[PDB]
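Protein chains in written order, with UniProt numbering: chain X, 107 to 259; chain E, 107 to 259; chain A, 1189 to 1236.
Structure first, commentary second.
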Amino acid sequence: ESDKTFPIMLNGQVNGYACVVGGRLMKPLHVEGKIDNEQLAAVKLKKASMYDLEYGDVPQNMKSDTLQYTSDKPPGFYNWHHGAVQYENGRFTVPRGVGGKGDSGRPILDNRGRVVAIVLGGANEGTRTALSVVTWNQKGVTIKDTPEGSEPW
Amino acid sequence: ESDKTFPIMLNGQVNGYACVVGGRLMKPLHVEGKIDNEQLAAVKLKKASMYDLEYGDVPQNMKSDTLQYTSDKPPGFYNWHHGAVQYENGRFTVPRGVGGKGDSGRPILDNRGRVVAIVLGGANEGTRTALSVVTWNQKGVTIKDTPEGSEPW
Amino acid sequence: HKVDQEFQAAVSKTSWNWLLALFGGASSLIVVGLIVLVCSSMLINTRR
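Below is the structure:
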């Protein structure tokens, strides 16, 4: 997570994180800023606005060292920068008070060091905080899970 | 069960129980009374009259902390506020004598903490008492199982 | 006037067609609603 996750800056303040997954760079659209890495500054970022994202093709050198996505999602606990995130009923949550603005784009890590989702926003719900994110699927289908009251971080 | 199950007041007496499952709150129709919770009093209830039930969308600060649902029902003993309930021959039964009026809407829990059925009434056969409840199916169909002579509690 | 004016054969087939269309719309709609209710009840009973 530390090596292959680059913050996006704006006026000296971090407002998101960009992720290189499966040989391609991805960044979320709701955040505006400057990508940290110089080599990836030259990638023309094709935008999926309804997916609230832009994606680009990383150069030759860095396509070998990237994070790996996953399709199988055994329900339970998954790794993340701010601890363990909980998955049941096709839904991701975290203990309340964990996470906030500027954490968008941080991948969710699993046991074998692979990505299972990308955090986009969260809704504080008292007992927990429900994470509005994007996830994969068995048939290679990317699906949003944005619960009610979701706020783009 | 004690924390997430609430009493319904009829002139100041207990007459039923309202159950929160999966972010929705259900309450039997035949039992008339006011929900003790002030927040739930403002929740609009839409009624399945033929199922003798009303369901509503719970507020944002209780939906996660809810009785998780399940559909797998092997025969045997299952949890209950008054003890153990026997699920045999596709029928829920209890020892004859325990349970009665005011126990409608009582959730039946699983060993792992999930809900299997909600009690609506009971009929005494003399040896045991068969509970007219609502049971769920593999195809996501809720059948109101009512043995002959069932009386809503 | 050598012939009496009745009610049945006193309105043009254009008016008759428009009136019958406007009334048969409601009739067919209530029939379709009854059929839909019966089909929904039968589906509930079968998949119960």
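Don't be surprised by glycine CBs; every beta carbon is placed ideally from N, CA and C.
Shown here, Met168/X sits in a helix according to DSSP, grouped into three states. Checking the DSSP bridge columns, you'll see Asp142/X has no partner listed.
C-alpha of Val164/E to C-alpha of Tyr175/E: approximately 15 Å in a straight line. Taken through DSSP and simplified to helix, strand or coil, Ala1214/A comes out as helix.
For a Cβ distance threshold of 7 Å, residue set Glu231, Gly255 of chain X lies close to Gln166/E, ordered along the chain. Straight through space, the alpha carbons of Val225/E and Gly219/X are spaced by roughly 46 Å. Taking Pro213/X as the centre and dropping the five residues before and after it, the same chain places the C-beta of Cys125, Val221, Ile224 closer than 6 Å to its C-beta, in chain order.
Chain-ordered, the chain E residues with CB closer than 8 Å to the CB of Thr199/X read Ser170. Just so you know, the alpha carbons of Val191/X and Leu237/E end up roughly 39 Å apart. In this structure, DSSP gives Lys1201/A a helical state, which the three-state scheme calls helix. Taking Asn121/X as reference, the option from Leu215/X, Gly211/X, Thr233/X with the minimal CA-CA separation is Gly211/X. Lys152/X is positioned such that its CB atom lies no closer than 8 Å to that of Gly139/X. Counting along the chain, the unbroken beta strand (DSSP E) around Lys133/E starts and ends at 130-134. From the listed residues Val149/X, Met115/X, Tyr157/X, the smallest Cα separation to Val247/X is found for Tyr157/X. Proximity of the segment 107-116 of chain E to the segment 238-257 of chain X falls short of the contact definition, fewer than three beta-carbon pairs being nearer than 8 Å. Taking the C-beta atoms as reference points, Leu173/X is found no nearer than 8 Å to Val137/X. In the DSSP assignment, the residues bridged to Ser238/E are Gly227/E. As the crow flies, the alpha-carbon of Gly1221/A is around 18 Å from that of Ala1209/A.
Apart from the 5 residues on each side of it in sequence, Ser177/X sits with its Cβ closer than 8 Å to the Cβ of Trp242, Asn243, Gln244, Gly246 in its chain, given in chain order. Contact of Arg234/X with chain E by beta-carbon distance below 7 Å involves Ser170.
Here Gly205/X is not near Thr233/X, since their CB atoms are 8 Å or more apart.
The C-alpha of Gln145/X is placed about 10 Å away from the C-alpha of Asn167/X.
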